[PDB]
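Peer 1: Input structure: model-v4.cif, which contains mmCIF, N, CA and C atoms.
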```cif
data_upload
#
loop_
_atom_site.label_atom_id
_atom_site.label_comp_id
_atom_site.auth_asym_id
_atom_site.auth_seq_id
_atom_site.Cartn_x
_atom_site.Cartn_y
_atom_site.Cartn_z
N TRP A 1 0.84 -1.21 0.00
CA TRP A 1 0.00 0.00 0.00
C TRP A 1 0.88 1.27 0.00
N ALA A 2 1.92 1.26 0.86
CA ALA A 2 2.77 2.44 1.15
C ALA A 2 1.95 3.57 1.76
N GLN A 3 1.06 4.14 0.97
CA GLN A 3 0.10 5.10 1.43
C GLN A 3 -1.16 4.33 1.73
N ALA A 4 -1.73 4.57 2.90
CA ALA A 4 -2.91 3.84 3.37
C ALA A 4 -4.10 3.99 2.43
N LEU A 5 -4.05 3.25 1.33
CA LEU A 5 -5.11 3.19 0.36
C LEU A 5 -6.30 2.41 0.88
N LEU A 6 -6.51 2.45 2.19
CA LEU A 6 -7.54 1.68 2.84
C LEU A 6 -7.56 2.02 4.34
N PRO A 7 -7.72 3.32 4.66
CA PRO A 7 -7.44 3.87 5.99
C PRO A 7 -8.67 3.95 6.89
N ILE A 8 -9.24 2.82 7.25
CA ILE A 8 -10.46 2.85 8.06
C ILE A 8 -10.78 1.49 8.72
N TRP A 9 -11.68 0.68 8.14
CA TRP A 9 -12.08 -0.61 8.71
C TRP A 9 -10.91 -1.57 8.98
N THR A 10 -9.72 -1.22 8.52
CA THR A 10 -8.56 -2.07 8.73
C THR A 10 -7.44 -1.29 9.45
N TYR A 11 -7.67 0.00 9.69
CA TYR A 11 -6.71 0.84 10.40
C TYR A 11 -7.43 1.61 11.50
N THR A 12 -8.02 2.75 11.11
CA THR A 12 -8.83 3.56 11.99
C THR A 12 -9.94 4.25 11.21
N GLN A 13 -9.57 5.38 10.60
CA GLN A 13 -10.45 6.21 9.80
C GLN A 13 -9.71 7.50 9.47
N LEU A 14 -9.40 7.72 8.20
CA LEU A 14 -8.63 8.90 7.84
C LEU A 14 -9.28 9.68 6.72
N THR A 15 -9.01 10.97 6.72
CA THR A 15 -9.44 11.84 5.66
C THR A 15 -8.37 11.93 4.60
N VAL A 16 -8.75 11.71 3.35
CA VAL A 16 -7.78 11.76 2.27
C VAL A 16 -8.31 12.54 1.10
N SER A 17 -9.09 11.89 0.27
CA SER A 17 -9.56 12.52 -0.93
C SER A 17 -10.56 11.63 -1.62
N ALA A 18 -11.05 12.15 -2.70
CA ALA A 18 -11.99 11.45 -3.55
C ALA A 18 -11.34 10.22 -4.20
N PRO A 19 -10.14 10.36 -4.81
CA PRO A 19 -9.43 9.22 -5.40
C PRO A 19 -9.29 8.05 -4.44
N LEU A 20 -9.06 8.37 -3.17
CA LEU A 20 -8.87 7.36 -2.16
C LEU A 20 -10.22 6.79 -1.75
N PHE A 21 -11.18 7.67 -1.57
CA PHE A 21 -12.52 7.29 -1.16
C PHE A 21 -13.14 6.37 -2.19
N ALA A 22 -12.99 6.76 -3.45
CA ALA A 22 -13.56 6.03 -4.56
C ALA A 22 -12.95 4.65 -4.65
N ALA A 23 -11.67 4.56 -4.32
CA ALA A 23 -10.94 3.31 -4.38
C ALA A 23 -11.50 2.32 -3.38
N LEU A 24 -11.97 2.85 -2.27
CA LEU A 24 -12.48 2.03 -1.19
C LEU A 24 -13.94 1.66 -1.42
N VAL A 25 -14.70 2.59 -1.98
CA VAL A 25 -16.08 2.31 -2.31
C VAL A 25 -16.15 1.32 -3.45
N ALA A 26 -15.19 1.44 -4.35
CA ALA A 26 -15.15 0.59 -5.53
C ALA A 26 -14.77 -0.84 -5.17
N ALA A 27 -13.93 -1.00 -4.16
CA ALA A 27 -13.43 -2.32 -3.79
C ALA A 27 -14.27 -2.95 -2.70
N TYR A 28 -14.74 -2.14 -1.77
CA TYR A 28 -15.43 -2.67 -0.60
C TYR A 28 -16.93 -2.40 -0.66
N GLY A 29 -17.30 -1.13 -0.66
CA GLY A 29 -18.69 -0.78 -0.56
C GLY A 29 -18.85 0.50 0.21
N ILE A 30 -19.57 1.44 -0.37
CA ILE A 30 -19.70 2.79 0.16
C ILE A 30 -20.10 2.77 1.64
N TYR A 31 -20.92 1.80 2.03
CA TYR A 31 -21.51 1.78 3.35
C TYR A 31 -20.45 1.66 4.45
N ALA A 32 -19.46 0.79 4.25
CA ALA A 32 -18.41 0.54 5.23
C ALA A 32 -17.43 1.69 5.21
N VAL A 33 -17.25 2.23 4.02
CA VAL A 33 -16.36 3.34 3.80
C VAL A 33 -16.80 4.55 4.63
N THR A 34 -18.03 4.97 4.46
CA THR A 34 -18.55 6.11 5.21
C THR A 34 -19.15 5.67 6.55
N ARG A 35 -18.94 4.40 6.90
CA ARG A 35 -19.45 3.85 8.14
C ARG A 35 -18.50 4.11 9.29
N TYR A 36 -17.28 3.65 9.14
CA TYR A 36 -16.36 3.64 10.26
C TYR A 36 -15.69 4.99 10.48
N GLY A 37 -15.48 5.75 9.41
CA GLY A 37 -14.97 7.09 9.60
C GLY A 37 -14.01 7.58 8.53
N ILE A 38 -14.03 6.98 7.34
CA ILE A 38 -13.24 7.52 6.23
C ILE A 38 -13.72 8.94 5.94
N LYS A 39 -12.97 9.68 5.16
CA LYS A 39 -13.47 10.94 4.70
C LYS A 39 -12.96 11.29 3.32
N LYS A 40 -13.88 11.71 2.46
CA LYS A 40 -13.55 12.14 1.12
C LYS A 40 -13.06 13.59 1.13
N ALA A 41 -11.98 13.82 1.88
CA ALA A 41 -11.39 15.15 2.05
C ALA A 41 -12.38 16.15 2.65
N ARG A 42 -12.43 16.19 3.99
CA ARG A 42 -13.32 17.11 4.70
C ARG A 42 -13.17 16.97 6.22
N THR A 43 -12.68 15.81 6.66
CA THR A 43 -12.68 15.43 8.07
C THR A 43 -14.11 15.18 8.57
N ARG A 44 -14.31 14.18 9.42
CA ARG A 44 -15.65 13.86 9.91
C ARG A 44 -16.32 15.08 10.55
N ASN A 45 -15.79 15.50 11.69
CA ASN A 45 -16.32 16.65 12.42
C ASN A 45 -15.16 17.44 13.01
N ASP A 46 -15.44 18.25 14.02
CA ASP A 46 -14.40 18.92 14.79
C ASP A 46 -13.53 17.88 15.48
N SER A 47 -14.11 16.70 15.67
CA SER A 47 -13.42 15.53 16.17
C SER A 47 -12.06 15.36 15.51
N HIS A 48 -11.07 15.00 16.31
CA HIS A 48 -9.69 14.89 15.85
C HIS A 48 -9.07 13.62 16.42
N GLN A 49 -7.96 13.18 15.85
CA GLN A 49 -7.39 11.90 16.24
C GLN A 49 -6.56 12.01 17.50
N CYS A 50 -6.47 10.89 18.18
CA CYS A 50 -5.69 10.79 19.40
C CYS A 50 -4.59 9.77 19.20
N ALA A 51 -3.38 10.12 19.62
CA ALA A 51 -2.17 9.34 19.32
C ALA A 51 -1.89 9.39 17.82
N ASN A 52 -2.74 10.16 17.13
CA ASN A 52 -2.78 10.29 15.68
C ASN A 52 -2.46 8.98 14.98
N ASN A 53 -3.09 7.90 15.45
CA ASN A 53 -2.82 6.57 14.92
C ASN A 53 -3.70 5.52 15.59
N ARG A 54 -3.93 5.65 16.89
CA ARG A 54 -4.64 4.62 17.64
C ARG A 54 -6.15 4.74 17.48
N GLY A 55 -6.71 5.89 17.82
CA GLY A 55 -8.14 6.07 17.74
C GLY A 55 -8.52 7.50 17.44
N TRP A 56 -9.82 7.77 17.33
CA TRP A 56 -10.27 9.10 16.99
C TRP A 56 -11.14 9.68 18.10
N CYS A 57 -10.79 10.88 18.54
CA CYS A 57 -11.55 11.59 19.57
C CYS A 57 -12.92 11.99 19.03
N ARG A 58 -13.96 11.32 19.51
CA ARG A 58 -15.33 11.56 19.06
C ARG A 58 -16.24 11.74 20.26
N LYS A 59 -17.45 12.20 20.01
CA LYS A 59 -18.37 12.53 21.09
C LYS A 59 -19.15 11.31 21.56
N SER A 60 -19.08 10.23 20.79
CA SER A 60 -19.76 8.98 21.12
C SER A 60 -19.51 7.96 20.02
N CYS A 61 -19.39 6.70 20.40
CA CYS A 61 -19.06 5.64 19.46
C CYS A 61 -20.33 5.00 18.91
N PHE A 62 -20.26 4.57 17.66
CA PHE A 62 -21.42 4.01 16.97
C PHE A 62 -21.61 2.55 17.35
N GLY A 63 -22.66 1.93 16.82
CA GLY A 63 -22.95 0.54 17.13
C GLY A 63 -22.07 -0.43 16.35
N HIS A 64 -20.77 -0.20 16.40
CA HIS A 64 -19.78 -1.04 15.74
C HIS A 64 -18.39 -0.64 16.22
N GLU A 65 -18.34 -0.06 17.42
CA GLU A 65 -17.11 0.50 17.94
C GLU A 65 -17.06 0.36 19.46
N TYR A 66 -15.99 0.86 20.05
CA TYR A 66 -15.85 0.88 21.49
C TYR A 66 -15.02 2.09 21.90
N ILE A 67 -15.31 2.65 23.07
CA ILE A 67 -14.51 3.75 23.57
C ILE A 67 -13.18 3.23 24.05
N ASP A 68 -12.12 3.76 23.51
CA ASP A 68 -10.82 3.49 24.06
C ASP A 68 -10.34 4.73 24.76
N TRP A 69 -9.50 4.54 25.73
CA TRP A 69 -9.08 5.61 26.58
C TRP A 69 -7.59 5.84 26.43
N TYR A 70 -6.91 6.06 27.55
CA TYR A 70 -5.52 6.51 27.60
C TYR A 70 -5.47 7.94 27.11
N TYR A 71 -6.15 8.15 26.01
CA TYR A 71 -6.11 9.36 25.25
C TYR A 71 -7.38 10.19 25.42
N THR A 72 -8.47 9.53 25.81
CA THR A 72 -9.75 10.21 26.00
C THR A 72 -9.63 11.35 27.01
N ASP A 73 -8.64 11.25 27.89
CA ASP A 73 -8.45 12.23 28.94
C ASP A 73 -7.30 13.18 28.58
N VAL A 74 -6.49 12.78 27.60
CA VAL A 74 -5.46 13.67 27.07
C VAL A 74 -6.13 14.66 26.14
N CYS A 75 -7.13 14.14 25.43
CA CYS A 75 -8.05 14.97 24.68
C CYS A 75 -8.95 15.70 25.66
N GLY A 76 -9.29 15.01 26.75
CA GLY A 76 -10.01 15.64 27.82
C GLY A 76 -11.51 15.49 27.70
N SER A 77 -12.07 15.98 26.60
CA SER A 77 -13.51 15.99 26.44
C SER A 77 -13.98 14.88 25.51
N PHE A 78 -13.13 14.46 24.59
CA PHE A 78 -13.57 13.52 23.59
C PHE A 78 -13.22 12.09 23.90
N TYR A 79 -14.05 11.23 23.35
CA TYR A 79 -13.96 9.81 23.52
C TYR A 79 -13.17 9.19 22.37
N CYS A 80 -12.06 8.55 22.69
CA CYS A 80 -11.22 7.92 21.68
C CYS A 80 -11.90 6.67 21.12
N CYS A 81 -12.77 6.86 20.15
CA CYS A 81 -13.52 5.75 19.59
C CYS A 81 -12.65 4.93 18.65
N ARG A 82 -12.55 3.64 18.95
CA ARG A 82 -11.82 2.72 18.10
C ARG A 82 -12.75 1.59 17.68
N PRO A 83 -13.19 1.60 16.41
CA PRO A 83 -14.09 0.58 15.86
C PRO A 83 -13.62 -0.85 16.13
N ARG A 84 -14.58 -1.74 16.40
CA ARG A 84 -14.27 -3.09 16.86
C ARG A 84 -13.79 -4.00 15.73
N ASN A 85 -14.23 -3.71 14.51
CA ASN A 85 -13.78 -4.45 13.34
C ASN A 85 -12.27 -4.32 13.13
N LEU A 86 -11.70 -3.25 13.65
CA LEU A 86 -10.30 -2.93 13.40
C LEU A 86 -9.37 -3.80 14.24
#
```
Show me this structure written as structure tokens.
Peer 2:
Amino acid sequence: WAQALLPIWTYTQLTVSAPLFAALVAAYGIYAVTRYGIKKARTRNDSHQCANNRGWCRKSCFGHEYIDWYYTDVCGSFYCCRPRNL
């Protein structure tokens, strides 16, 4: 891969671009792509990553994830959501 041409259900969830997004929708399926937290260049929300690799600081985890910590308190207010499929 070199560049995470698949930065979500197998890693965490990253914002990249349309070329990357399309590659994932084309290979996997749009639903999982926009499910776990990929982004077609925009970032999900004000939410930002923690450890910039382990999990993403979010306000609440969806029905396919779990709150991870260590970082939830370094972020302070946000919940380091790390999807369970990952």
Peer 1: Expressed in Å to a single decimal, how great is the separation between atom CA of residue 4 of chain A and atom C of residue 75 of chain A?
Peer 2: 26.0 Å
Peer 1: Just checking: using only C-alpha atoms, which residue out of A:64, A:39, A:54, A:48 ends up closest to residue 76 of chain A?
Peer 2: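 Ranked by minimum distance to residue 76 of chain A, first place goes to A:48.
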Peer 1: From the DSSP assignment of the backbone, select every residue of segment 23-74 of chain A that is alpha helix (DSSP H), and format the answer as number ranges by chain.
Peer 2: A: 23-27, 30-36
Peer 1: Write out as a ChimeraX atom specification each polymer residue whose atoms come within 8 Å of residue 38 of chain A, counting all atoms listed in the file; drop sequence neighbours fewer than 5 positions from it.
Peer 2: /A:7-9,12-17,21,32-33,43-44
Peer 1: Please, could you write that set of residues out with N, CA and C atoms as a short mmCIF file (atom, residue, chain, number, x, y, z; two decimals), in the coordinates of the input?
Peer 2:
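Final output, part.cif:
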```
data_model
loop_
_atom_site.label_atom_id
_atom_site.label_comp_id
_atom_site.auth_asym_id
_atom_site.auth_seq_id
_atom_site.Cartn_x
_atom_site.Cartn_y
_atom_site.Cartn_z
N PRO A 7 -7.72 3.32 4.66
CA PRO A 7 -7.44 3.87 5.99
C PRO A 7 -8.67 3.95 6.89
N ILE A 8 -9.24 2.82 7.25
CA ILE A 8 -10.46 2.85 8.06
C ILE A 8 -10.78 1.49 8.72
N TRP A 9 -11.68 0.68 8.14
CA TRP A 9 -12.08 -0.61 8.71
C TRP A 9 -10.91 -1.57 8.98
N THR A 12 -8.02 2.75 11.11
CA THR A 12 -8.83 3.56 11.99
C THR A 12 -9.94 4.25 11.21
N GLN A 13 -9.57 5.38 10.60
CA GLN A 13 -10.45 6.21 9.80
C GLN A 13 -9.71 7.50 9.47
N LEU A 14 -9.40 7.72 8.20
CA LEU A 14 -8.63 8.90 7.84
C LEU A 14 -9.28 9.68 6.72
N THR A 15 -9.01 10.97 6.72
CA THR A 15 -9.44 11.84 5.66
C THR A 15 -8.37 11.93 4.60
N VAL A 16 -8.75 11.71 3.35
CA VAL A 16 -7.78 11.76 2.27
C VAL A 16 -8.31 12.54 1.10
N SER A 17 -9.09 11.89 0.27
CA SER A 17 -9.56 12.52 -0.93
C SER A 17 -10.56 11.63 -1.62
N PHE A 21 -11.18 7.67 -1.57
CA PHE A 21 -12.52 7.29 -1.16
C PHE A 21 -13.14 6.37 -2.19
N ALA A 32 -19.46 0.79 4.25
CA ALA A 32 -18.41 0.54 5.23
C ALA A 32 -17.43 1.69 5.21
N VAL A 33 -17.25 2.23 4.02
CA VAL A 33 -16.36 3.34 3.80
C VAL A 33 -16.80 4.55 4.63
N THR A 43 -12.68 15.81 6.66
CA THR A 43 -12.68 15.43 8.07
C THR A 43 -14.11 15.18 8.57
N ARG A 44 -14.31 14.18 9.42
CA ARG A 44 -15.65 13.86 9.91
C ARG A 44 -16.32 15.08 10.55
#
```
Peer 1: Work out how far atom CA of residue 84 of chain A is from atom CA of residue 27 of chain A, in Å to one decimal.
Peer 2: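 Computing it gives 20.7 Å between the two atoms.
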Peer 1: Please, what distance in Å, to one decimal, runs between atom CA of residue 23 of chain A and atom CA of residue 10 of chain A?
Peer 2: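 According to the coordinates, atom CA of residue 23 of chain A and atom CA of residue 10 of chain A are separated by 14.4 Å.
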Peer 1: Please determine an axis-aligned box that encloses all atoms of segment 12-31 of chain A listed in the file, with 5 Å added on each side, and express its centre and edge lengths in Å to one decimal as lines of an AutoDock Vina configuration file.
Peer 2:
```
center_x = -14.6
center_y = 4.8
center_z = 3.2
size_x = 23.7
size_y = 25.5
size_z = 27.5
```
Peer 1: For the file shown, what are the residues hit by the PyMOL selection byres (((chain A and resi 71 and name CA) around 12) and name CA), laid out as an MDAnalysis selection string?
Peer 2: chainID A and resid 48:58 67:70 72:82
Peer 1: Mind checking DSSP for chain A and telling me the strand (DSSP E or B) residues as number ranges by chain?
Peer 2: A: 15, 39, 48-50, 55-58, 65-68, 79-83
Peer 1: Taking only C-alpha atoms into account, which of A:11, A:3, A:62, A:86 comes nearest residue 35 of chain A?
Peer 2: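 Distance minimum relative to residue 35 of chain A lands on A:62.
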Peer 1: Determine the nearest neighbour of residue 47 of chain A from the options A:28, A:61, A:34, A:6, counting only C-alpha atoms.
Peer 2: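 Looking at the shortest contact to residue 47 of chain A, the residue is A:61.
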